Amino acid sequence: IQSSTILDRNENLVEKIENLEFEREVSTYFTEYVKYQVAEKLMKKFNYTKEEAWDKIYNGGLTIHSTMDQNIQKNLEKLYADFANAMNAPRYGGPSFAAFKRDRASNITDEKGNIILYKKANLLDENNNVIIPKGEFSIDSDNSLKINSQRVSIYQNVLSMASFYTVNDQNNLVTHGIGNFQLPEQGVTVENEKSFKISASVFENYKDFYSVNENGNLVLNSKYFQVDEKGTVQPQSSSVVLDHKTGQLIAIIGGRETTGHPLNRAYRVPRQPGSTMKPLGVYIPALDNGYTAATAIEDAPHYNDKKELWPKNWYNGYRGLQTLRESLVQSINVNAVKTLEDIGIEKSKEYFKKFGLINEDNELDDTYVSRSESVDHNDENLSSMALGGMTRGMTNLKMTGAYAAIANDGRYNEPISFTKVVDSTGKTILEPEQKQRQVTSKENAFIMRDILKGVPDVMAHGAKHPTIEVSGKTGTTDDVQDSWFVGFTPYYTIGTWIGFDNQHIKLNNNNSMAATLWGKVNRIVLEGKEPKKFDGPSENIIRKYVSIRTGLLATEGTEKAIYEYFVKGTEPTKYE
């Protein structure tokens, strides 16, 4: 009788769950993940199937006490709804922030030249009908249709259409999809995915399916290929706000759209993390394996196993001997690869597991491709685990939850979106079991936060907060395909990604634009919070005046020397 409801962290109603396969005040981003996570935790507890667990969510009269802070979630959606204006999207040139290749007819293509997004007018007519130009369709004497164009593809007897782009009132790119049509079981002969013939015995049950116009072009009916008229605005962004002390998820944004049921990229669409992988894949393990924040690493020409100048740093050159602190702050690629070469790829996989990037149990429920999952294209790589050029990437949720471990004194907490589920009678039938695991020592977590505190002044001025200390790491992937910033204040851990859904389109803003938005997200999350600084050093950390050339205690006359944090027992005892 009763209906299932989701509440916020203050017991306020947020969704009345109904099967669609009151007036909402927030987008479906947060509430979708609640139901997703509740379903997983329900299957584990009661040995339910996907269907059995969802039948309980739909019709079980359950009240889900989610962790959402509705005001933060609402306000962050204000920002994302106003993405174009907040990020100063240029409005007079080409599509805002978009860097892509176009053909002479203004269709967006890949690097090779294949069309990936048609200009709407080149693909659709005035009635949202697909037009196939002359020379790419033929009707034989048997009134059967032959199509051989890049606009239509066929696979498993299902006609799939190409996708097109528009440009909205704010000069932002908007990509639309066209639906598919299930061609009958028999009546089609295929040559390649782009060349096929449909026999007239199929058009008999339809008849209104195609039409040649006054220009000898084939016109397919929109009633069988549904046109996504609203589309999806580009570039897209996602943010994840997390209380690292408890692992509770405070707000989730999975895209710019805030109405309908938009794709929640925050946990469903992995992307390349880039240099944000360096702290938790390389240097955090290094600090537990014989490295200190003052350890000198030589930024010098490095070569791969095939005698090629790999990798290349972002600054076209080499900076020479740099401490571990500077190697991470300056995001040196050579020093990151050299450090992951010293420690193991296997030693790194241990931290991928502990940070939650690798699911120790299923290992197919993760976005990491192991040697078991693949031998040709796997993630057991130096490019993947040191530079963030992964086979599939990581989701924003996994990256934020891993950085939250650094913020939470090196202790990982599985991000939970609910605290209890209450049935009709009033008993708690579900309470999440937070997989709490210690990734690194409390001391190393502090040192890493202090190292990454120097990143905003060097690469992310937009992330700096007026009254609350900010520590984080930037990530720009190859060709500015992805822009990342993941970090934390004393209060929350936040992760922000910006990029185009179609990775062939790149960004023309290589000015850490995700970090600029991250600051806007952080300022909204921290509204009303008192000024606060990061926690002080533990009693197991000593400070020493050391030389950057080695790591040894600096004396007078030492050229370059600073005071650095050391875990007690790792500081140098001898002098330069």
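Start at 1 with the first residue shown and count on from there.
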Count class of coordinate-free deposited residues lying between the neighbours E556 and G557: none
Greater mean Cα temperature factor according to the PDB record, 70-78 or 292-300: 292-300
Average Cα temperature factor in the PDB entry - higher stretch of 156-164, 281-289: 156-164
Candidate set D482, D228, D140, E469 [ranked by C-alpha B-factor, highest]: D140
Selection from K464, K119, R271, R371 [criterion: highest C-alpha temperature factor in the record]: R371
Among modelled residues of the same chain, the CA temperature factor third for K560: highest
Within-chain third of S441 by Cα B-factor, per the entry: middle
Chain thirds of CA B-factor: placement of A402: lowest
For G495, the third of its chain into which the C-alpha B factor falls: lowest
Third of the chain's Cα B-factor distribution that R549 belongs to, per the entry: highest
